[PDB]
Amino acid sequence: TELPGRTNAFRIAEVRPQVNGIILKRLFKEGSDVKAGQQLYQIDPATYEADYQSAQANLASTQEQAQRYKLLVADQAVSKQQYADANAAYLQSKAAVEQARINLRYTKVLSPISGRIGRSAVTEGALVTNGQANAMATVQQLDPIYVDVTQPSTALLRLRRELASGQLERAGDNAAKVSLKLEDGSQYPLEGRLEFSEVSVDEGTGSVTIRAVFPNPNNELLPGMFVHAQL
Amino acid sequence: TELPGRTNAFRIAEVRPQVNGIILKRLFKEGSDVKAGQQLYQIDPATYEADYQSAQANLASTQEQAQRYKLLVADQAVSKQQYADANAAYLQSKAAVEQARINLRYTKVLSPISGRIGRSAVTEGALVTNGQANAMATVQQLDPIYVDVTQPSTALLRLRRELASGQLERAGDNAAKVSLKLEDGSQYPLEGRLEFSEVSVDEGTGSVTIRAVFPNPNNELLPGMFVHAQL
Amino acid sequence: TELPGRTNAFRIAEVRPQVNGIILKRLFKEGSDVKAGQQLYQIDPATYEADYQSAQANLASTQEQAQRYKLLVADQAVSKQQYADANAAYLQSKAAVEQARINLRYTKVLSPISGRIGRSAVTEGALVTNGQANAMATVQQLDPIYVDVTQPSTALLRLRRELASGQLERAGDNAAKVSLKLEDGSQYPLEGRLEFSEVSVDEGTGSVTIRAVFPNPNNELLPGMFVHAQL
Amino acid sequence: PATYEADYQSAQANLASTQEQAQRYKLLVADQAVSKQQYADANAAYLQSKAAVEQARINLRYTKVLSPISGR
Ligand SMILES: O=C[C@H](O)CO
Ligand SMILES: O=C[C@H](O)CO
Ligand SMILES: O=C[C@H](O)CO
């Protein structure tokens, strides 16, 4: 039985800035392969770095001030109102520092997912804003790759039985082994699982949509291909 | 007697953001079974978390300030026009904190219902906005599953009698036991209740719509199937 | 004398939101019986509740400020302008609080009438807007139930006489006792009034439409049934 | 032609505007001051205007229905 379907990325992510600034450098090759956590951009941190240290300097100061006044109050050598204020400043500083630290950190735009980055919608030297509508770039995990198959609700059950009645070659719980046949006609060398758990149902058609998962190193398979799963 | 009908989810909910931000992680398998209250997404909280603590710091401060002026007014050491401004700030802080707390909490996009989530209409790293038109995802309770049956108003009464005149196998108050027959032809193994209380009436047809309730573990039954209840 | 007619709800009401937000919970069973004033939905109030208290805090503050300046102005200790601005703020806050309170109240979507709610056109987690076109649900009082009867203007007088000339069994002022006969053929066990005051007239036909009122506990009778009143 | 003439000038006013807008961005994109996305939008409008004006001009011209052939 041949099931028609479309190939889709296994996982997709968007790269976006979360701090305001100028793109200093774009550390990745358009179209290359990147790893989740890998620095993809560098926003000029000259300032954030400066504010962050400017801050810590402050905290170090107010903190000393506080820790000391608390000693004085204990001898009644300073009104508790003086202390309260001292500790007040200390807490604000401590807050400032944390926010500074957070912003500096957001300075190195990292990749959320592991996959294939494409073109960089943002040029070096460009101005980038936190919250900005457009994404700097998009990564896609193309290795294990999906094949969305759509069968009428009935057939999905028919197959589900055969899977349980051993009439279908097991591949795992709720999964039967399957082969792929490109619209080319050719036979994709490798083979993969065909999970039976439903992903979506067009109630207007009643038809269900399940996913097949094929290994795709070499990146032979790409999203959008009209293929055929085989059982 | 065989009553035609369609299978429908037992309950449906939508997943939506209620805070602005970037989708950090999508904690769920498209097509899986999720529980109500289960975290479905994580919106980056670096800041909301910072603000929230920045606030609490403040409240901790003003609160002390206030409480002290409260005891001080008695000795007339602190006026009443002070303990007023003081208590003013205290109340504002307390409010800021609650608002901070609320936003942080929305940072974890939980699932409203227990059911089956399908595809995630939002990619990781994407930008999400409170009030946004589109829903991030949709959960559907499919275990007990409904079967909407439509009979002409007359028939509904005829059956209602037999139910009371013992001529129909009781299943509970106003419910008669029923079996399901898929459009496949097969006989759904389990059987369930056919509640007689009306759910809706197409006055333009006069016909009524009642619901059958079948157990559906194993998830064999899906919404949209054209079935037949049997009595 | 058998008068043909259609059964109709005794009263209809629509459930709609009057505040913006997300449907947290839908507290009612589709197809059940609900009482006027009963909470049907809960719109996530996390924020409205927060704004309301955020407001009250503010009012508490400005109000003190005002009452104090009202003092200083009366002692030429401060200009009338200062007292003016202070009172200005006070008045704004007081307005803010009232609006907050109103919105919070709308957070609980109560049922306007007592009757029978059907399906909920809105899912939990859904986005709901004040002013939105569609109604979240519809309650229909079905106990006393109407039976719209249509007779030629002439016949309505004929009967009206007999009613006054004792030739018809009184049921109340302008009402004659009547029995119902379902299109089933059967005899509805209970009986009710047949009010003679006209409700509408198809001037294009000259025919009048009057209503019969039958008790309908057990909910045996439903809107849309083609029946027959008997005199 | 009262209107065609009005639309035509209504248009030309527009183009004169958007054209200035564009020519100005044309330089800020070179000095990475304006996002290549924006300059795109500016030049987009400019091209639309220029298109509108041509159509306006064409219609105004037709305000004078001429004879295709020489004859009777
Ligand atoms: O983001 C992937 C491609 O480069 C563009 O659209
Ligand atoms: O929402 C259900 C499916 O995942 C999509 O369309
Ligand atoms: O709203 C009345 C019925 O429940 C549905 O359509």
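Chains as they are written, first to last, in the deposited numbering: chain G, 29 to 259; chain H, 29 to 259; chain I, 29 to 259; chain M, 73 to 144.
Just so you know, even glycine gets a beta-carbon here, dropped at the ideal spot from N, CA and C.
Close partners of H/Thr75 in chain G (Cβ separation under 7 angstroms): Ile130. In terms of beta-carbon proximity, G/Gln179 stays away from the interface with chain H, with every pair separated by 8 angstroms or more. Per DSSP, G/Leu184 is one residue of the alpha helix (DSSP H) stretching across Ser181 to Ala192.
Those residues having their beta-carbon less than 5 angstroms away from any non-hydrogen atom of ligand 2 are, in chain order, G/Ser228, H/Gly146, H/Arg147 and H/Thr166. When distances are taken from the beta-carbon of I/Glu58 to the heavy atoms of ligand 3, the shortest one is below 7 angstroms.
In the displayed model, I/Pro32 falls within a strand according to three-state DSSP. In the structure shown, the three-state DSSP call for H/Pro245 is helix. Going by C-alpha positions, H/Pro243 is about 11 angstroms away from H/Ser207. Taking C-beta atoms under 8 angstroms as the contact rule, G/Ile238 and G/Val177 qualify, at a distance of about 5 angstroms. For H/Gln66, there is no enclosing alpha helix (DSSP H), since its DSSP letter is neither H nor E.
Burial check for H/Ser60: the Cβ neighbour count within 10 Å stays below 16, so the residue is exposed. At a cut-off of 8 angstroms, the C-beta of G/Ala94 has no neighbouring C-beta in chain M. DSSP, read as helix, strand or coil, puts I/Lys57 in coil.
Look at the stretch 239 to 254 of chain H: the residues with a C-beta under 8 angstroms from a C-beta of chain G are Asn247, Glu248, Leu250, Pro251, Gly252, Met253 and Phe254. Within the model, the alpha-carbon separation for H/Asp230 versus H/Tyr69 is close to 40 angstroms. In the DSSP annotation of this structure, the continuous segment of the alpha helix (DSSP H) that includes I/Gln93 starts and ends at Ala74 to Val101.
Residue pairing for G/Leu52: DSSP places it in no beta bridge.
In the assembly as shown, G/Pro217 is an exposed residue. Its beta-carbon has fewer than 16 other beta-carbons within 10 Å.
A Cβ of chain G is located within less than 8 angstroms of the beta carbon of H/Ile50.
G/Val255 has its alpha-carbon roughly 60 angstroms from the corresponding atom of M/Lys136. Under the Cβ distance rule, H/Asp72 counts among the residues neighbouring chain G, one pair being separated by less than 8 angstroms. Going by DSSP, I/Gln168 is part of no alpha helix (DSSP H) but of the beta strand (DSSP E) stretching over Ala165 to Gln169. The three-state reading of DSSP puts G/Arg221 in strand, counting E and B together. Chain-ordered, the chain G residues with CB closer than 8 angstroms to the CB of M/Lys108 read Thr151 and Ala154. Taking 8 angstroms as the CB threshold, I/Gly146 lines the interface with chain H. In this structure, H/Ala203 and H/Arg221 form a Cβ contact; the two beta carbons are roughly 4 angstroms apart against a cut-off of 8 angstroms. For I/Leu138, the enclosing beta strand (DSSP E) begins and ends at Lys136 to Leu138.
Annotated three-state conformation of H/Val150 is coil, per DSSP. I/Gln91 sits close to I/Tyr118, with the two beta carbons spaced by under 8 angstroms. Taking 8 angstroms as the CB threshold, G/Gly65 stays off the interface with chain H. Under the three-state reduction of DSSP, I/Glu226 is assigned to coil, being neither helix nor strand. Around G/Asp79, the same chain offers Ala128 as residues with beta carbons nearer than 6 angstroms, after the five sequence neighbours per side are excluded.
Interface criterion not met: the Cβ of G/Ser121 is under 8 angstroms from no Cβ in chain H. Contact annotation: G/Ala149 and G/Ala165 have beta-carbon atoms nearer than 8 angstroms. In the same chain as G/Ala64, and ignoring 5 residues on each side of it, the C-beta atoms closer than 7 angstroms to its own belong to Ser139, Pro140, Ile141 and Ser142, in chain order. If you draw a straight line from the Cα of M/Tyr111 to the Cα of M/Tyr97, it comes to about 6 angstroms.
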